[PDB]
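Notes to accompany the following structure.
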Ligand SMILES: [Zn+2]
Ligand SMILES: [Zn+2]
Ligand SMILES: [Zn+2]
């Protein structure tokens, strides 16, 4: 249902200010690639590590879910 991917402090991930419900949200690189964020305010960057929010309605807009957690 919700991507269980975890990453470390020197692993890249994606912020998307269009899709997020708060500034600490983030999704993993594969979930970003397999989703639809054209014209979104997104950035690949480091996040101090984290757990993917893709598929979690409390953290991320449904339109921003990748094809595998939608
Ligand atoms: Zn987005
Ligand atoms: Zn993910
Ligand atoms: Zn996903």
In this structure, does residue 3 turn out to be in contact (Cβ under 8 Å) with a residue 12 or more places away in the chain, touching a strand residue (DSSP E or B) at 6+ places or on another chain (Cβ under 9 Å), within 12 Å of ligand 1 (Cβ to nearest atom) and in a loop (DSSP other than H, G, I, E, B)?
-> no
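Among what's in the stretch 6-31 and is assigned to a loop (DSSP other than H, G, I, E, B) and touching a helix residue (DSSP H, G or I) at 6+ places or on another chain (Cβ under 8 Å), pick the residue that is surrounded by the most Cβ atoms within 10 Å (Cβ to Cβ). Before you say what the answer is, go through the steps one by one.
First pass over the stretch 6-31, keeping only residues assigned to a loop (DSSP other than H, G, I, E, B): 8-11, 17-19, 21-26, 28.
Checking which are touching a helix residue (DSSP H, G or I) at 6+ places or on another chain (Cβ under 8 Å) leaves us with 18-19.
Working: 18: 13, 19: 25.
So the residue we want is 19.
Identify all residues within the stretch 32-70 that are part of a helix (DSSP H, G or I) and surrounded by fewer than 19 Cβ atoms within 10 Å (Cβ to Cβ); write none if there are none. Let's see the steps before the verdict.
Just the residues of the stretch 32-70 that are part of a helix (DSSP H, G or I), to begin with: 32-33, 62-64.
Within the stretch 32-70, 33, 62, 63 meet the criteria.
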Might you check whether a residue that is within 12 Å of ligand 2 (Cβ to nearest atom) and under 8 Å from the mean Cα position of the chain (by Cα) occurs anywhere in the stretch 15-24?
-> no
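When we count neighbours, we look across all protein chains shown, and the Cβ atoms used for this are built from the backbone with ideal geometry, even at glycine. Read-outs throughout are calculated quantities, based only on the coordinates presented, and are distinct from any laboratory measurement.
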